[PDB]
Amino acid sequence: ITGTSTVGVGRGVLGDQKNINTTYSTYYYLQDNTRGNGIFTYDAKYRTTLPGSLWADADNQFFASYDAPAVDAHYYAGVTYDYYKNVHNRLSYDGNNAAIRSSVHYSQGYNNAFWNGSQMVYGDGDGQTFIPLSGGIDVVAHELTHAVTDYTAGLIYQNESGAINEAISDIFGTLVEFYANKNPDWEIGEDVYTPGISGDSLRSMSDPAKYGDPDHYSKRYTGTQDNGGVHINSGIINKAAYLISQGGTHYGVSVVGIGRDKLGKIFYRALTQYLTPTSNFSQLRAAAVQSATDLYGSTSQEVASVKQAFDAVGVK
């Protein structure tokens, strides 16, 4: 909507206070004009029609429980925009400052979130398995990273290319979590998963096997569940990315860590310059090796560590 840029204040899903960029025209809308062509947050009002209504508020204060998922979807979309712009020189998900749209309160008791090809969508959870999923910055950044992937490599969402697609979203969801630097970790969704249980998460990058996901190519899932296991076999690539950043010895193979920033540079370059819609794990290894070679040189430690990491998870 056309109006003047304002700054509201509210509380997110975890009860933290934060300022949000809004737009005033009769009401205060969750419309941030400070980032590209805008960040827009919508109310789906417990239904499944999308996007729903641009979020309107009478007084620019967002402290109601009903407000919290909107506050966080809006705010963490901003953080994710800032990450891609400041760290990778990328302007929104299409690289040309496309408007970022999110809907919250999708359906009833909906234990998931997704990118639907056009926008981010967040359930409220059922209060047992999940609380509202926009409360997790790694979740928000995971979903928006699907938009980035769709505009760049375009990895098909099935089998190995789908597992790479998923891992890219977990990798950059995690790097955005570290960028924001509030209790960051290498786990996925811990802030919104199972409020009755402390210390768990939906997936682990540091130890995918903790939640039954493979950490080696030899344990890859080859059935048809989950689009050929895209959220399962992602553990193999997530482990490799973890090893590249943090180092470690895995099934006897030692990897020298090169840190998060270099992990991010290598995988961002692979994603945007080398991966294609049909890339498999072997081709991801080649893309990462070539990316690391471009950035640091063929005889660099960075290239050596990429190779060790993929060796360690059985991807040749």
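The first residue of the shown sequence is 1; numbering continues from there.
- Per-stretch averaging of Cα B factors for 164-172 and 123-131 places 123-131 on top.
- Stretches 112-120 and 209-217 differ in mean CA B factor, with 209-217 having the higher one.
- Residue set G78, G136, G199, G154: peak C-alpha B-factor at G199 (per PDB entry).
- In this entry, the residue among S53, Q290, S279, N60 with the greatest C-alpha B factor is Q290.
- Compared with the other modelled residues of the chain, the Cα B-factor recorded for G38 ranks in the lowest third.
- When all modelled residues of the chain are sorted by CA temperature factor, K182 is found within the highest third.
- In this PDB entry, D94 carries a Cα temperature factor that places it within the middle third of its chain's modelled residues.
- When the modelled residues of the chain are ordered by C-alpha B-factor, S204 sits in the middle third.
- Ranked by Cα temperature factor within the chain, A270 sits in the middle third according to the deposited record.
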